[PDB]
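Taking the form solved without this ligand, here's one chain by itself in structure tokens.
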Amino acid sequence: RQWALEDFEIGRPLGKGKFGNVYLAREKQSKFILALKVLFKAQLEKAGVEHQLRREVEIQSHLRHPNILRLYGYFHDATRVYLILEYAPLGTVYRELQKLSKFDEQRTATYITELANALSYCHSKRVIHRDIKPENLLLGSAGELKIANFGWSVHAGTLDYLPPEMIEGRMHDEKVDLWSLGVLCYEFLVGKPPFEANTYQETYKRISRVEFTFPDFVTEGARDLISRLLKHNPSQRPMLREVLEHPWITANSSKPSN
């Protein structure tokens, strides 16, 4: 028994890019709703990423966590690769941040809690996942976070989320994910990342020297967490379990209610 295109019916497109298309879809027997990501072999080969693709899908197919988009399986035909994915219906955190400009402390602490949980699980499996930019975070039907840039995409900045050890070209480890979490926490509360600048050269400077400032509305609890996360030395950044124990996180997060 293998996965087959025959197993599925295909709904509206969710995104399109040079590498392919993502569709809303449905497994025929169960009527289970999911997303089908469809990748052009020609473009993959032309990009020389066939080895890289196999590695990424292999990694994602073994991650099983409520805040990570599941990859249920994959298959191919003569000209396309097909990834069977969990569907997240409420869009990206990126869009939500556009709409609201800034998040309050309860939404922020709750999102950071879900991400730290997902990342702790990833590290337990020796998986490092630094790119947790808002556009790579989907929202499930209950508004819960889903890290969505495992696998493969159909498609002075971006540097914005890089840790000092990475931009300086040194050895890096899973502690890059703690730096990301700090950048993201700041961006959630402030509406922009902390080291934003006009030029590549100047953004490098601010990161490498860890130079940033808090708006006056950012509370002491929030400043304390973000400062602990944005340490130049990776070993001085907290463990994820310590983030989940932080007083500001524990006080402001919430679990679902009426």
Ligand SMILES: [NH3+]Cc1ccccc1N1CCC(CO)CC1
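All residue numbers refer to positions in the sequence shown, first residue = 1.
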{"item": "Gap size, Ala156 back to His155 (deposited sequence, no coordinates)", "value": "4 to 9"}
{"item": "Comparing 198-206 with 224-232, the one whose average Cα B-factor in the PDB entry is higher", "value": "198-206"}
{"item": "Mean C-alpha B-factor comparison - 158-166 and 118-126, higher one", "value": "158-166"}
{"item": "Most elevated Cα B-factor in the entry, residues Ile68, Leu39, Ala47, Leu36", "value": "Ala47"}
{"item": "Record-listed C-alpha B factor of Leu97: chain third", "value": "highest"}
{"item": "Entry-reported Cα temperature factor of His246, expressed as the chain third it lands in", "value": "middle"}
{"item": "Chain thirds of CA B-factor: placement of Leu138", "value": "lowest"}
{"item": "Relative C-alpha B-factor of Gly11, binned into the chain's lowest, middle or highest third", "value": "lowest"}
{"item": "CA B-factor ranking of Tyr74, expressed as a third of its chain", "value": "middle"}
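The same protein also has a form deposited with this ligand bound, omitted here; what follows describes it.
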{"item": "Listed residue that, although this ligand is not shown, lies within 4.5 Å of it in the bound PDB entry (heavy atoms), from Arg223, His232, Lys192, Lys41", "value": "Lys41"}
{"item": "The unique member of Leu184, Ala116, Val81, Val176 whose heavy atoms fall within 4.5 Å of this ligand in the bound PDB entry", "value": "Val81"}
{"item": "Contact flag, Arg54 vs this ligand in the bound PDB entry, heavy atom cut 4.5 Å", "value": "yes"}
{"item": "Heavy atom of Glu196 within 4.5 Å of this ligand in the bound PDB entry", "value": "no"}
{"item": "Contact flag, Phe188 vs this ligand in the bound PDB entry, heavy atom cut 4.5 Å", "value": "no"}
{"item": "Non-hydrogen atom contact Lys102 with this ligand in the bound PDB entry at 4.5 angstroms", "value": "no"}
{"item": "Heavy atom contacts to this ligand in the bound PDB entry at 4.5 Å, residues of 63-90 in sequence order", "value": "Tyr74, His76, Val81"}
